[PDB]
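J.: Data: model_20.cif, mmCIF, C-alpha atoms.
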data_my_file
loop_
_atom_site.group_PDB
_atom_site.id
_atom_site.type_symbol
_atom_site.label_atom_id
_atom_site.label_comp_id
_atom_site.auth_asym_id
_atom_site.auth_seq_id
_atom_site.Cartn_x
_atom_site.Cartn_y
_atom_site.Cartn_z
ATOM 1 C CA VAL A 1 125.216 -62.641 115.275
ATOM 2 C CA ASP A 2 128.430 -60.570 115.281
ATOM 3 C CA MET A 3 128.912 -59.431 111.672
ATOM 4 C CA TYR A 4 132.291 -57.766 111.195
ATOM 5 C CA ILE A 5 134.769 -56.753 108.529
ATOM 6 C CA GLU A 6 138.469 -57.413 108.179
ATOM 7 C CA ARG A 7 140.848 -55.949 105.633
ATOM 8 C CA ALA A 8 141.979 -58.402 102.979
ATOM 9 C CA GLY A 9 144.119 -56.424 100.568
ATOM 10 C CA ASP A 10 144.770 -53.490 98.296
ATOM 11 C CA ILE A 11 142.643 -52.864 95.221
ATOM 12 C CA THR A 12 144.956 -53.062 92.234
ATOM 13 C CA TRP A 13 145.069 -54.537 88.749
ATOM 14 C CA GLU A 14 147.554 -57.383 88.315
ATOM 15 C CA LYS A 15 149.832 -57.276 85.284
ATOM 16 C CA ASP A 16 150.027 -60.527 83.317
ATOM 17 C CA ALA A 17 147.076 -62.021 85.185
ATOM 18 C CA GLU A 18 145.567 -65.416 84.435
ATOM 19 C CA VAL A 19 142.690 -65.185 81.938
ATOM 20 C CA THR A 20 139.693 -67.497 82.025
ATOM 21 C CA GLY A 21 135.994 -67.657 81.347
ATOM 22 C CA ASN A 22 133.914 -67.251 78.221
ATOM 23 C CA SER A 23 131.812 -64.205 77.229
ATOM 24 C CA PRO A 24 128.208 -65.417 77.241
ATOM 25 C CA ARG A 25 125.429 -63.362 75.711
ATOM 26 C CA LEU A 26 122.328 -64.170 77.712
ATOM 27 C CA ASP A 27 118.750 -62.927 77.642
ATOM 28 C CA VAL A 28 117.777 -62.363 81.271
ATOM 29 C CA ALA A 29 115.112 -60.725 83.391
ATOM 30 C CA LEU A 30 115.577 -59.045 86.767
ATOM 31 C CA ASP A 31 112.750 -59.295 89.296
ATOM 32 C CA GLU A 32 111.898 -56.842 92.064
ATOM 33 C CA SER A 33 113.732 -58.919 94.686
ATOM 34 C CA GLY A 34 116.997 -58.665 92.744
ATOM 35 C CA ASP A 35 116.997 -62.125 91.171
ATOM 36 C CA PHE A 36 118.169 -62.556 87.607
ATOM 37 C CA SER A 37 116.673 -65.408 85.588
ATOM 38 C CA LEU A 38 117.045 -66.744 82.070
ATOM 39 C CA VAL A 39 114.381 -65.741 79.569
ATOM 40 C CA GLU A 40 113.101 -69.041 78.159
ATOM 41 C CA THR B 1 139.202 -48.959 108.118
ATOM 42 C CA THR B 2 141.339 -47.537 105.342
ATOM 43 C CA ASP B 3 140.688 -47.918 101.637
ATOM 44 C CA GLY B 4 140.906 -51.499 100.430
ATOM 45 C CA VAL B 5 139.016 -54.764 99.998
ATOM 46 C CA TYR B 6 137.591 -56.476 103.088
ATOM 47 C CA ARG B 7 136.045 -59.790 104.103
ATOM 48 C CA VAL B 8 132.562 -59.693 105.652
ATOM 49 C CA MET B 9 132.489 -62.275 108.450
ATOM 50 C CA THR B 10 129.960 -63.660 110.923
ATOM 51 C CA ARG B 11 130.579 -65.426 114.214
ATOM 52 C CA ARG B 12 128.341 -66.765 116.975
ATOM 53 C CA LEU B 13 129.867 -68.752 119.864
ATOM 54 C CA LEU B 14 132.438 -70.829 117.910
ATOM 55 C CA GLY B 15 134.348 -70.017 114.689
ATOM 56 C CA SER B 16 133.724 -67.445 111.975
ATOM 57 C CA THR B 17 132.212 -67.782 108.494
ATOM 58 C CA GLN B 18 132.930 -65.506 105.531
ATOM 59 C CA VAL B 19 129.611 -64.381 104.046
ATOM 60 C CA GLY B 20 130.958 -61.799 101.623
ATOM 61 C CA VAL B 21 133.450 -59.143 100.611
ATOM 62 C CA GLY B 22 133.291 -55.402 100.145
ATOM 63 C CA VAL B 23 135.140 -52.250 99.159
ATOM 64 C CA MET B 24 136.100 -49.349 101.400
ATOM 65 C CA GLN B 25 136.432 -46.183 99.327
ATOM 66 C CA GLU B 26 136.107 -42.537 100.351
ATOM 67 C CA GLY B 27 135.055 -43.542 103.859
ATOM 68 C CA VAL B 28 132.147 -45.699 102.655
ATOM 69 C CA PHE B 29 131.866 -49.481 102.786
ATOM 70 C CA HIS B 30 130.258 -51.052 99.715
ATOM 71 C CA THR B 31 128.932 -54.607 99.476
ATOM 72 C CA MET B 32 125.943 -56.555 98.158
ATOM 73 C CA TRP B 33 122.591 -56.390 99.919
ATOM 74 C CA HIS B 34 122.340 -60.184 100.114
ATOM 75 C CA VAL B 35 125.613 -60.313 102.072
ATOM 76 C CA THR B 36 124.461 -58.266 105.076
ATOM 77 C CA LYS B 37 120.708 -57.679 104.566
ATOM 78 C CA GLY B 38 121.407 -54.287 106.156
ATOM 79 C CA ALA B 39 122.849 -55.586 109.428
ATOM 80 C CA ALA B 40 125.309 -53.369 111.257
ATOM 81 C CA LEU B 41 128.998 -54.165 110.793
ATOM 82 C CA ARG B 42 131.716 -54.158 113.428
ATOM 83 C CA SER B 43 135.020 -52.690 112.235
ATOM 84 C CA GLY B 44 137.595 -53.246 114.946
ATOM 85 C CA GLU B 45 136.038 -51.308 117.807
ATOM 86 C CA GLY B 46 133.417 -49.282 115.903
ATOM 87 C CA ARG B 47 129.940 -49.874 114.447
ATOM 88 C CA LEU B 48 129.115 -49.179 110.791
ATOM 89 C CA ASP B 49 125.415 -48.669 110.101
ATOM 90 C CA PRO B 50 123.838 -49.093 106.659
ATOM 91 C CA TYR B 51 123.247 -45.775 104.933
ATOM 92 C CA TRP B 52 121.648 -46.789 101.653
ATOM 93 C CA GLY B 53 120.613 -49.962 99.914
ATOM 94 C CA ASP B 54 118.528 -51.409 97.117
ATOM 95 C CA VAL B 55 117.421 -55.042 97.108
ATOM 96 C CA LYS B 56 116.757 -55.030 93.345
ATOM 97 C CA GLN B 57 120.233 -53.777 92.480
ATOM 98 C CA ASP B 58 121.475 -56.010 95.338
ATOM 99 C CA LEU B 59 123.706 -53.295 96.809
ATOM 100 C CA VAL B 60 124.277 -51.623 100.179
ATOM 101 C CA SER B 61 126.533 -48.851 101.448
ATOM 102 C CA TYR B 62 127.640 -48.069 104.995
ATOM 103 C CA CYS B 63 128.680 -44.703 106.513
ATOM 104 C CA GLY B 64 127.589 -42.701 103.468
ATOM 105 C CA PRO B 65 126.154 -42.845 99.963
ATOM 106 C CA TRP B 66 127.405 -45.183 97.255
ATOM 107 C CA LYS B 67 130.726 -43.876 95.939
ATOM 108 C CA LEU B 68 131.738 -46.253 93.120
ATOM 109 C CA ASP B 69 130.971 -44.829 89.696
ATOM 110 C CA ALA B 70 133.453 -46.276 87.201
ATOM 111 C CA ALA B 71 131.714 -48.092 84.361
ATOM 112 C CA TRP B 72 132.747 -51.025 82.207
ATOM 113 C CA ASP B 73 133.623 -49.617 78.772
ATOM 114 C CA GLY B 74 131.663 -52.390 77.053
ATOM 115 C CA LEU B 75 134.773 -53.538 75.220
ATOM 116 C CA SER B 76 137.797 -54.277 77.367
ATOM 117 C CA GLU B 77 138.858 -57.154 79.591
ATOM 118 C CA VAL B 78 138.298 -56.740 83.334
ATOM 119 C CA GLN B 79 139.661 -58.307 86.496
ATOM 120 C CA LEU B 80 137.763 -59.887 89.327
ATOM 121 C CA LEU B 81 139.723 -59.275 92.537
ATOM 122 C CA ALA B 82 138.320 -62.386 94.144
ATOM 123 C CA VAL B 83 138.591 -62.724 97.922
ATOM 124 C CA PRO B 84 137.376 -66.300 98.440
ATOM 125 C CA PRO B 85 136.753 -67.656 101.928
ATOM 126 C CA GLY B 86 139.995 -68.978 103.381
ATOM 127 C CA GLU B 87 142.158 -67.777 100.469
ATOM 128 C CA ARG B 88 144.130 -64.623 99.897
ATOM 129 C CA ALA B 89 142.928 -62.091 97.369
ATOM 130 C CA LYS B 90 143.676 -62.973 93.760
ATOM 131 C CA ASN B 91 143.073 -61.403 90.358
ATOM 132 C CA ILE B 92 141.344 -63.224 87.501
ATOM 133 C CA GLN B 93 141.136 -61.517 84.103
ATOM 134 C CA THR B 94 138.244 -62.120 81.722
ATOM 135 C CA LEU B 95 136.356 -60.629 78.796
ATOM 136 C CA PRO B 96 132.788 -60.040 79.995
ATOM 137 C CA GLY B 97 129.729 -61.269 78.252
ATOM 138 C CA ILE B 98 126.409 -59.479 78.401
ATOM 139 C CA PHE B 99 123.148 -59.823 80.286
ATOM 140 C CA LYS B 100 120.657 -58.444 77.729
ATOM 141 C CA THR B 101 117.604 -57.150 79.608
ATOM 142 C CA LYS B 102 114.541 -55.128 78.688
ATOM 143 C CA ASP B 103 116.210 -52.106 80.342
ATOM 144 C CA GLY B 104 119.559 -52.459 78.562
ATOM 145 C CA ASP B 105 122.718 -54.519 78.539
ATOM 146 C CA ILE B 106 124.809 -55.261 81.631
ATOM 147 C CA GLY B 107 128.312 -56.661 81.524
ATOM 148 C CA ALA B 108 128.556 -60.132 83.017
ATOM 149 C CA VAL B 109 131.484 -62.342 84.020
ATOM 150 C CA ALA B 110 131.521 -66.123 83.597
ATOM 151 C CA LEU B 111 133.514 -66.755 86.787
ATOM 152 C CA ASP B 112 132.422 -69.134 89.564
ATOM 153 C CA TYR B 113 133.557 -68.663 93.184
ATOM 154 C CA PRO B 114 132.044 -69.668 96.532
ATOM 155 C CA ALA B 115 129.063 -67.746 97.868
ATOM 156 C CA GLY B 116 131.171 -65.888 100.438
ATOM 157 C CA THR B 117 133.109 -64.261 97.566
ATOM 158 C CA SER B 118 130.028 -62.123 96.908
ATOM 159 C CA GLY B 119 130.905 -58.435 96.887
ATOM 160 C CA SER B 120 134.387 -58.904 95.478
ATOM 161 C CA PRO B 121 135.290 -55.966 93.242
ATOM 162 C CA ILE B 122 135.589 -56.090 89.466
ATOM 163 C CA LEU B 123 138.226 -53.722 88.099
ATOM 164 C CA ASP B 124 139.147 -51.871 84.958
ATOM 165 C CA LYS B 125 142.777 -51.586 83.825
ATOM 166 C CA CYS B 126 143.228 -48.429 85.933
ATOM 167 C CA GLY B 127 142.213 -50.343 89.037
ATOM 168 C CA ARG B 128 138.878 -48.567 89.380
ATOM 169 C CA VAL B 129 135.956 -50.590 90.712
ATOM 170 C CA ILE B 130 133.436 -50.988 87.866
ATOM 171 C CA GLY B 131 131.120 -53.192 89.933
ATOM 172 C CA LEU B 132 130.790 -55.974 92.473
ATOM 173 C CA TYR B 133 130.630 -59.729 91.848
ATOM 174 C CA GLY B 134 127.949 -62.118 92.948
ATOM 175 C CA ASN B 135 124.441 -61.431 91.682
ATOM 176 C CA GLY B 136 123.774 -63.660 88.709
ATOM 177 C CA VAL B 137 122.303 -66.759 87.115
ATOM 178 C CA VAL B 138 123.150 -70.349 86.237
ATOM 179 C CA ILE B 139 122.870 -71.489 82.633
ATOM 180 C CA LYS B 140 121.558 -74.817 81.367
ATOM 181 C CA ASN B 141 124.798 -76.720 82.066
ATOM 182 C CA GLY B 142 124.971 -75.308 85.609
ATOM 183 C CA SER B 143 127.729 -72.768 84.932
ATOM 184 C CA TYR B 144 127.448 -69.532 86.927
ATOM 185 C CA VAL B 145 127.521 -66.036 85.364
ATOM 186 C CA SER B 146 127.611 -62.872 87.508
ATOM 187 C CA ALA B 147 126.427 -59.425 86.560
ATOM 188 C CA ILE B 148 128.977 -56.604 86.889
ATOM 189 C CA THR B 149 126.760 -54.830 89.421
ATOM 190 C CA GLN B 150 127.401 -51.088 89.797
ATOM 191 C CA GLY B 151 125.453 -48.535 91.806
ATOM 192 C CA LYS B 152 124.759 -44.853 91.214
ATOM 193 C CA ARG B 153 126.891 -42.209 92.924
ATOM 194 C CA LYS C 1 127.466 -70.401 92.777
ATOM 195 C CA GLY C 2 127.882 -73.004 95.522
ATOM 196 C CA UNK C 3 123.369 -72.017 95.371
ATOM 197 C CA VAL C 4 122.052 -70.784 92.049
ATOM 198 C CA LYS C 5 122.152 -66.968 92.120
ATOM 199 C CA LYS C 6 124.220 -65.386 94.874
#
So, in terms of C-alpha cells, how does the structure I just supplied come out?

T.:
Amino acid sequence: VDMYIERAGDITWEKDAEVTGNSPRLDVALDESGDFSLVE
Amino acid sequence: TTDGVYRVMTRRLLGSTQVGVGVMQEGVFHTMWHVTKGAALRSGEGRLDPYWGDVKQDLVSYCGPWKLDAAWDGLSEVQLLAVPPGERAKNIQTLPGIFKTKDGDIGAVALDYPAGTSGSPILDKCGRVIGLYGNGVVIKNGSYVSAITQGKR
Amino acid sequence: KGXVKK
C-alpha cells in the first residue's frame, strides 16, 4: 500500500463564497476511539 | 512539499484512491488519524513518518508536532476548503452549529462531502486553519455534521 | 458521510 500526498491548492478564504448548511445544536458524546454519537 | 492543502492518496497495482486531505504548515503535515492510521506518507521522493497522533481527537501530524492553533471564535461564519476526490479545491461558507459535550462545546459544520474529503481544512476569515473536517455524526434524518476538529500546538 | 462518522 503506497500512501502518498499530492498538492491540491493554496489555503485561502474566498470572497463572496457560496453559503450553505444549517447550524445544528446537538448533544453528543465522544468515546475513547474518537467516535462521536448522539446523546439519546 | 511547500505550504498548502494536499490530497492523501493510496495505490496498489492499478489506479489510485483519495482517502483524505491534509494541511502542510511550518514543515508539518496535518491530517486526521482515520485517514492514515499512522502509515508513512510518500511525498515525491521522500518519506514522511508520523510524529504525533491521538485517536480520540482523530488527528495526526507528520515531521513534527501539531502546528495549527487558530480557534473558531464561536460567533463568525467559517469556510470549509473542501478537496473532494476527483474535484478541485473549493470553498463553502457556513455558520457552524455546536456539538455540546460533557467537556464543553465544539463548533460543528453541517456540510456533507465524500469520505476522502476527510482532513480538509476549515478556515476563519483571515485564512487561518481553525480545524479539520471529517469526524462527526449523522442525525435522525441521515444528515452529516462534522466537528471543527483542532489539535493543541 | 458516504459511512456514518468519518

J.: Could you tell me which residues the PyMOL selection byres ((chain B and resi 130) around 9) returns for this structure, as a ChimeraX atom specification?

T.: /B:68-72,78,121-124,127-129,131-132,148-150

J.: Please evaluate the PyMOL selection byres ((chain B and resi 103-109) around 9) against the displayed coordinates and give the resulting residues as a list in words.

T.: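 Checked against the file, the PyMOL selection byres ((chain B and resi 103-109) around 9) matches residues 21, 22, 23, 24 and 25 of chain A; 72, 74, 78, 80, 94, 95, 96, 97, 98, 99, 100, 101, 102, 110, 111, 112, 133, 136, 144, 145, 146, 147, 148 and 149 of chain B.
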
J.: Could those selected residues go to a file with C-alpha atoms, as a CSV table (one decimal), keeping the file's coordinate frame?

T.:
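The resulting file, result_10.csv, is shown below:
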chain,number,residue,atom,x,y,z
A,21,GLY,CA,136.0,-67.7,81.3
A,22,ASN,CA,133.9,-67.3,78.2
A,23,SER,CA,131.8,-64.2,77.2
A,24,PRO,CA,128.2,-65.4,77.2
A,25,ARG,CA,125.4,-63.4,75.7
B,72,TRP,CA,132.7,-51.0,82.2
B,74,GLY,CA,131.7,-52.4,77.1
B,78,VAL,CA,138.3,-56.7,83.3
B,80,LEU,CA,137.8,-59.9,89.3
B,94,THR,CA,138.2,-62.1,81.7
B,95,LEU,CA,136.4,-60.6,78.8
B,96,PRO,CA,132.8,-60.0,80.0
B,97,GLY,CA,129.7,-61.3,78.3
B,98,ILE,CA,126.4,-59.5,78.4
B,99,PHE,CA,123.1,-59.8,80.3
B,100,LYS,CA,120.7,-58.4,77.7
B,101,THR,CA,117.6,-57.2,79.6
B,102,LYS,CA,114.5,-55.1,78.7
B,110,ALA,CA,131.5,-66.1,83.6
B,111,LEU,CA,133.5,-66.8,86.8
B,112,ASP,CA,132.4,-69.1,89.6
B,133,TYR,CA,130.6,-59.7,91.8
B,136,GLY,CA,123.8,-63.7,88.7
B,144,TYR,CA,127.4,-69.5,86.9
B,145,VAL,CA,127.5,-66.0,85.4
B,146,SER,CA,127.6,-62.9,87.5
B,147,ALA,CA,126.4,-59.4,86.6
B,148,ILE,CA,129.0,-56.6,86.9
B,149,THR,CA,126.8,-54.8,89.4

J.: Could you tell me which residues of chain A sit within 10 Å of chain C when counting all atoms listed in the file, and give me the result as number ranges by chain?

T.: A: 34-37

J.: I'd like to know which of B:113, B:52, B:6, B:62 is closest to chain A, using all atoms listed in the file.

T.: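 Selected residue with least distance to chain A: B:6.
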
J.: Grab the CA of residue 120 (chain B) to CA of residue 26 (chain A) distance for me, in Å with one decimal place.

T.: 22.1 Å

J.: Can you give me, as a list in words, the residues this file yields under the PyMOL selection byres ((chain A and resi 5) around 6)?

T.: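 When the PyMOL selection byres ((chain A and resi 5) around 6) is applied to the shown file, the picked residues are residues 4 and 6 of chain A; 7, 8, 9 and 43 of chain B.
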
J.: Tell me, in Å to one decimal, how far CA of residue 92 (chain B) is from CA of residue 79 (chain B).

T.: 5.3 Å

J.: Enter the distance from CA of residue 23 (chain B) to CA of residue 143 (chain B), in Å, rounded to one decimal.

T.: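 If I compute the distance from CA of residue 23 (chain B) to CA of residue 143 (chain B), I get 26.0 Å.
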
J.: Identify, on the basis of all atoms listed in the file, every residue whose closest approach to residue 40 (chain A) does not exceed 12 Å; exclude the query and any residue fewer than 6 positions from it along the same chain; express the result as a PyMOL selection string.

T.: (chain A and resi 26-29) or (chain B and resi 139-140)

J.: Smallest atom-to-atom distance to residue 151 (chain B): which of B:118, B:31, B:91, B:36, using all atoms listed in the file?

T.: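 Of B:118, B:31, B:91, B:36, the one nearest residue 151 (chain B) is B:31, counting all atoms listed in the file.
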
J.: Counting all atoms listed in the file, figure out which residue out of B:12, B:90, B:56, B:34 gets nearest to chain C.

T.: B:34

J.: Can you tell me, as a ChimeraX atom specification, what residues are no more than 10 Å from residue 86 (chain B) when counting only C-alpha atoms, ignoring any on the same chain fewer than 3 positions away?

T.: /B:17-18,83,89,116

J.: Write out, as JSON lines, each residue of chain B that has an atom at most 6 Å from chain C, together with the closest pair of atoms and their distance in Å to one decimal, counting all atoms listed in the file, rows going by chain and rising number.

T.:
{"residue": "B:114", "atom": "CA", "partner": "C:2", "partner_atom": "CA", "distance": 5.4}
{"residue": "B:115", "atom": "CA", "partner": "C:2", "partner_atom": "CA", "distance": 5.9}
{"residue": "B:134", "atom": "CA", "partner": "C:6", "partner_atom": "CA", "distance": 5.3}
{"residue": "B:135", "atom": "CA", "partner": "C:6", "partner_atom": "CA", "distance": 5.1}
{"residue": "B:136", "atom": "CA", "partner": "C:5", "partner_atom": "CA", "distance": 5.0}
{"residue": "B:137", "atom": "CA", "partner": "C:5", "partner_atom": "CA", "distance": 5.0}
{"residue": "B:138", "atom": "CA", "partner": "C:4", "partner_atom": "CA", "distance": 5.9}
{"residue": "B:144", "atom": "CA", "partner": "C:1", "partner_atom": "CA", "distance": 5.9}

J.: B:152, B:3, B:10, B:41: which is nearest residue 12 (chain A), counting all atoms listed in the file?

T.: B:3

J.: Go ahead and find all residues with at least one atom no further than 7 Å from (132.3, -63.4, 117.7) in the file's coordinates, using all atoms listed in the file; report them as a list in words.

T.: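 Protein and nucleic acid residues near the point are residues 2 of chain A; 11, 12 and 13 of chain B.
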